[PDB]
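*Asks:* Read in order, the letters of the sequence shown are residues 588 to 1006 in mature numbering (1 follows the signal peptide of the UniProt record, and there is no 0).
So that we are looking at the same thing, I have put the structure below in structure tokens.
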Amino acid sequence: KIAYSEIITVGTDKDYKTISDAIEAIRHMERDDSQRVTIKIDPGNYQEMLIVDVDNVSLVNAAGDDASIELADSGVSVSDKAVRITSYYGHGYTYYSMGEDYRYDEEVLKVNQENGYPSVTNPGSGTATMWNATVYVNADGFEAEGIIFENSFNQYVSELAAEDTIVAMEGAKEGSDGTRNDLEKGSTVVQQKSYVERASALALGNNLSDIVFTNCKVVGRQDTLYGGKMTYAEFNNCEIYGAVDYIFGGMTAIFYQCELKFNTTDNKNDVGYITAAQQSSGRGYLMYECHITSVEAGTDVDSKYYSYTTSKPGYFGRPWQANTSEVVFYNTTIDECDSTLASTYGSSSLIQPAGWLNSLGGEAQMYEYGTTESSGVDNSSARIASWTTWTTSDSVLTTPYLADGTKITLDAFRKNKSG
Ligand SMILES: [Mg+2]
Ligand SMILES: [Mg+2]
Ligand SMILES: [Mg+2]
Ligand SMILES: [N+]
Ligand code: NA
Ligand code: NA
Ligand code: NA
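Now the structure itself:
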């Protein structure tokens, strides 16, 4: 056991050299679980996977109010005032670096590369690996400020990925620019739809409380951000990036004044769906005064595959749990789509007129109140026109009240301490 420290630092001459090392130190502290530990991280690029299994821990950028969450170099780099926590496993591949707990281990890598075979087969999607999440939060009271969480699987070939041995397995998706193992460091060819599969940046476990992200960014494509059932999490002034089902799971979440950025390519089938909610009961997601928008070429993504001023139009979501899942879009501002893509895909709005799809789990309690369309269109009458049990008039609210009478407020989506 080591002493309690309320604040510990990460950086080349700080308390700890890696974020992993700092979390491991917290596991050894003589502290009550109620005593918070803040990990104050120097700006830098941290090629690490983390399991946060310690209560009341914060990850914060040492740059404070002057933190950046900007990407650079077509996704490959970050601002010098950014803290990026990144890793690269995704569905369909096994990795010589992967250890028994499904996380990267440099010592396992060395053994496996000497042996000529991996030691652990990647399950891929699902809760065994948390969709290969970079950061898996499995504790109460977790907070983060000014951090970029990323899975690079469909963003770029990282240093560590290029040095790993990556094995295509069941479900591997690849296009025509080389197999994943053969790509060199810095390649962005993995942004293409033909290489896309599920790879989470950030996953929250189930039954967790008091999780809050502030001024963070979460970077991925398919299944970027997961949160489990009965977890309360808030994302305040964050940026969430993705394509298919990029915010998913059964958490009771608030996205307060977030940028919701479609991270898609020119490929005609590369369409985004913001939410894929999976509640069996109770409250779902509250998207409160968010901005539906797009990534930018040269900072976030490679212009080779992103040729227009916006993403093509996408959708608010596709419910994963039938009937009982819940998402509320409240006071959303929706970009106008690039005029060329608007014509091609039949939508001036960056959200398709139908709004939602039944193509995952079915219909469920998907709501919209107070939309501003920057294009000036009014697609209210078109929303979910093909749905039969949750219909347009259930979804498109004229007053800010849900079907059970609940007023749409932040507090409606926070934990009720008496149960
Ligand atoms: Mg890779
Ligand atoms: Mg597949
Ligand atoms: Mg309305
Ligand atoms: N940026
Ligand atoms: Na860890
Ligand atoms: Na799987
Ligand atoms: Na790298």
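Note that the Cβ used here is the ideal one computed from N, Cα and C, for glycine as well.
1. Report all residues for which the CB-ligand distance to some heavy atom of ligand 6 is below 6 Å; order them along the chain.
2. Can you tell me whether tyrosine 591 sits near ligand 3, meaning its C-beta is under 7 Å from at least one heavy atom of the ligand?
3. Quick check: is any heavy atom of ligand 7 less than 7 Å from the C-beta of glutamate 635?
4. Flag this pair as yes or no: are the beta carbons of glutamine 742 and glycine 662 separated by less than 8 Å?
5. Rounded to whole angstroms, how far is the Cβ of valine 639 from the Cβ of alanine 726, which I believe are closer than 8 Å?
6. As a quick exercise: from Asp608, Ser898, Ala864, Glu876, pick the residue whose alpha carbon is nearest that of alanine 909.
7. Assuming contact is defined by CB atoms lying nearer than 8 Å, are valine 647 and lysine 668 in contact in what I supplied?
8. Return the residue from the list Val983, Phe800, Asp832, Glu593 that minimises the CA-CA distance to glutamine 622.
9. According to DSSP, is residue 1009 helix, strand or coil?
10. Does the beta-carbon of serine 745, which I'm using as the reference point, lie nearer than 7 Å to any heavy atom of ligand 7?
11. Within its chain, find whatever has a CB closer than 6 Å to the CB of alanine 884; leave out the 5 residues flanking it on each side and keep chain order.
12. Measuring from each Cβ to the nearest heavy atom of ligand 4, keep the ones under 5 Å and list them in chain order.
13. Could you name the residues that DSSP lists as bridge partners for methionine 953?
14. By DSSP's criteria, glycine 814 is part of a beta bridge. Which residues make up the other side?
15. Is it right to say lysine 848 is buried, meaning 16 or more other beta carbons lie within 10 angstroms of its own, or is it exposed?
16. List the whole-angstrom C-beta distance separating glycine 679 from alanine 759, where the pair is believed to meet the contact cut-off of C-beta under 8 Å.
17. With which residues is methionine 685 paired in a DSSP beta bridge?
18. What do you get for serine 930, buried or exposed, if any count of 16 or more other CB atoms within 10 angstroms of its CB means buried?
19. Taking just the CA atoms, how far does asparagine 768 sit from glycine 904?
20. In chain order, what residues of the same chain lie with their CB nearer than 7 Å to the CB of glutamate 826, ignoring the 5 residues before and after it?
21. First and last residue of the alpha helix (DSSP H) that includes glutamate 611?
22. Return helix, strand or coil for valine 882, following the three-state DSSP convention.
23. Does the beta-carbon of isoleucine 589 have 16 or more other beta-carbons within 10 angstroms, so that it is buried, or is it exposed?
24. Give the DSSP bridge partners of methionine 874, in chain order.
25. Which residues bound the alpha helix (DSSP H) around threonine 927?
26. Taking any heavy atom of ligand 3 as the mark, which residues have a C-beta closer than 7 Å to it, listed down the chain?
27. Could you have a look at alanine 999 and say whether DSSP puts it in helix, strand or coil?
28. Under a Cβ-count criterion, where at least 16 other Cβ atoms within 10 Å of its own Cβ denotes burial, should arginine 614 be classed as buried or exposed?
*Replies:* According to the structure shown:
1. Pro710, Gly711, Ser712, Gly713
2. What you label residue 591 is simply residue 4 of the sequence shown in a count that begins at 1. Checking the Cβ of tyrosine 591 against ligand 3 gives no.
3. The count along the sequence shown starts at 1 and reaches residue 635 at position 48. Because no heavy atom of ligand 7 lies under 7 Å away, the Cβ of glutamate 635 does not count as near it: no.
4. Locating residue 742 in the sequence shown gives position 155, where the first residue counts as 1. Locating residue 662 in the sequence shown gives position 75, where the first residue counts as 1. Cβ distance < 8 Å, so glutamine 742 and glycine 662 count as in contact.
5. Looking up residue 639 in the sequence shown gives position 52. Looking up residue 726 in the sequence shown gives position 139. The pair is a contact, with the Cβ atoms about 5 Å apart (cut-off 8 Å).
6. Start at 1 with the first residue of the sequence shown, and residue 909 comes out as number 322. When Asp608, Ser898, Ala864, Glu876 are compared, the shortest CA-CA separation from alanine 909 is found for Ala864.
7. Counting from one through the sequence shown, the residue named residue 647 turns up at place 60. Counting from one through the sequence shown, the residue named residue 668 turns up at place 81. It is not a contact, given that the beta carbons lie outside the stated cut-off.
8. Sequence index remark: in the sequence shown, residue 622 carries index 35 (1-based). Across the set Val983, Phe800, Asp832, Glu593, the C-alpha of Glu593 shows the shortest separation from the C-alpha of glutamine 622.
9. Coverage of the chain is limited to positions 588 through 1006, which leaves residue 1009 absent and any answer about it impossible.
10. As a working mapping, residue 745 is identified with position 158 in the sequence shown. Yes, Cβ of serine 745 sits closer than 7 Å to a heavy atom of ligand 7.
11. Taking the first residue of the sequence shown as 1, we reach residue 884 at position 297. For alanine 884, where only same-chain residues beyond five positions count, the Cβ hits under 6 Å are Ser890, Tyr893.
12. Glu657, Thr886
13. The residue you call residue 953 lines up with position 366 of the sequence shown. According to DSSP, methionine 953 bridges with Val914.
14. Translated into the one-based positions of the sequence shown, residue 814 becomes position 227. Per DSSP, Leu791.
15. Here residue 848 refers to the residue found at position 261 of the sequence shown. The residue in question, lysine 848, is buried, as its Cβ has 16 or more Cβ neighbours within 10 Å.
16. For the purposes of this step, residue 679 is identified with residue 92 of the sequence shown, where counting begins at 1. For the purposes of this step, residue 759 is identified with residue 172 of the sequence shown, where counting begins at 1. Their Cβ separation, rounded to whole angstroms, is 4 Å, which keeps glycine 679 and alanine 759 in contact under 8 Å.
17. As a first step, residue 685 is located in the sequence shown; it is residue number 98 there, counting from the start. Paired residue(s): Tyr691.
18. In the sequence shown, counting from the first residue as 1, residue 930 sits at position 343. Exposed.
19. Taking the sequence shown and counting its residues from 1, one reaches residue 904 at position 317. Taking the sequence shown and counting its residues from 1, one reaches residue 768 at position 181. If you take the alpha carbons of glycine 904 and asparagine 768, they lie about 33 Å apart.
20. Position 239 of the sequence shown, counted from the start, is the residue given in the question as residue 826. Excluding positions up to five away in sequence, the list reads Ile656, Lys804, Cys845, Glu846, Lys848.
21. Counting from 1 along the sequence shown, the entry for residue 611 is found at position 24. Per DSSP, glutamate 611 belongs to the alpha helix (DSSP H) from 606-614.
22. For this step, residue 882 is matched to residue 295 along the sequence shown. Note: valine 882 maps to coil in three-state DSSP.
23. Looking up residue 589 in the sequence shown gives position 2. Burial is judged here by how many other beta carbons sit within 10 angstroms of a residue's own beta carbon; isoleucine 589 has fewer than 16 and is exposed.
24. By one-based count along the sequence shown, residue 874 stands at place 287. DSSP lists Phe842, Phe916 as partners of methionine 874.
25. Against the sequence shown, residue 927 aligns to sequence position 340. From DSSP, the alpha helix (DSSP H) with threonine 927 extends over 926-932.
26. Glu955, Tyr956, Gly957, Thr958, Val983, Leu984, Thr985
27. Within the sequence shown, residue 999 is the residue found at index 412, counting from 1. Shown here, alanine 999 sits in a helix according to DSSP, grouped into three states.
28. As a first step, residue 614 must be located in the sequence shown, where it is residue number 27. Exposed.
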